[PDB]
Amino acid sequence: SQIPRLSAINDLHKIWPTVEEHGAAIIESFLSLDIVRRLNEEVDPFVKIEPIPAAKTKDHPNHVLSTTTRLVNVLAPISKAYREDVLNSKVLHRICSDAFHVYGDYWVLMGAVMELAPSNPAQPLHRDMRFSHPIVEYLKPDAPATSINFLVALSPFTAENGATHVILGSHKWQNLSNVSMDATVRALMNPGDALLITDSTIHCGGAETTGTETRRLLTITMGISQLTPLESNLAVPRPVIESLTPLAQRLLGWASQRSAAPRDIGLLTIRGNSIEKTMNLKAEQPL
């Protein structure tokens, strides 16, 4: 039983409902080839200069990812295609709003570009958020998902190069006795395609068996504004922040946030007013 494939043009309303039911879905043409081209162009350097996840020069090292992994967050100042294009995506926001309406506003927990080197071993099956948000394990089982992950293929995802393994229906599992690699299906995709999984879906990156292929992805974690992001955008230049849209500014934490409570008092407010009003932050300016 393979992962459902969907359209970013025709079947838009069916995407969240699918993930909801299966835990995963592939969105073909999630990003256009032109956008994926510029994204790669722009992040290429940073991917090569990034050190090991657990580098010694880091005060917040990551001991979970492997040495063959390279990750780059805080992509707003690096890429114009991310901050203008991806962040304002109508396919993304439709899915996000459909998924997180019960809770309210959402934002970006992380937007990272990940490049796996050749001979990169498979990861162990895991659920996201368990190394940053321990509170996600104390949620009831029927609680609607608090975060969803968009893994966008920046290059081909194949069986030889390590295409993601997913266990379907695993987001509705409490008992992890059936966790095994045999129960998984693959996510084959071309550049621009996106696998969409929730925070409770058991998945993993596969093994790179060729020795020559480099696999790259753009991973965007979206979550409710009630949870703290993994990455901070506090040091992003104001000129860059002021060149964004309001929606892009609020996704990055440069805005106040609301919740779905009927008489919501807000998040990140300053004596009744917004972050944006208080600092008189403009939008859509040039850089």
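Numbering starts at 1 and follows the sequence shown.
Segment of higher mean CA temperature factor, 7 to 15 or 263 to 271: Comparing 7 to 15 with 263 to 271, the higher average CA B-factor belongs to 7 to 15.
173 to 181 set against 94 to 102, stretch whose average Cα temperature factor tops the other in the entry: Higher mean C-alpha B-factor in the PDB entry: 173 to 181.
Out of 89, 119, 147, 164, residue topping the C-alpha B-factor column of the entry: Highest C-alpha B-factor among the listed residues goes to 119.
Criterion, highest CA B-factor; candidates, 111, 211, 192, 205: Out of 111, 211, 192, 205, the record gives the largest C-alpha B-factor to 211.
Among modelled residues of the same chain, the CA temperature factor third for residue 156: CA B-factor rank for residue 156: highest third.
Where the record places residue 197 (Cα B-factor, split into thirds across the chain): Ranked within chain, residue 197 CA B lands in the lowest tercile.
Residue 253 - Cα temperature factor, lowest/middle/highest third of chain: Residue 253: CA B-factor falls in the lowest third of its chain.
Residue 78 by Cα B-factor - lowest, middle or highest third of the modelled chain: Answer is highest: the recorded C-alpha B-factor places it there.
Residue 225, C-alpha B-factor rank within chain (lowest, middle or highest third): Ranked within chain, residue 225 CA B lands in the lowest tercile.
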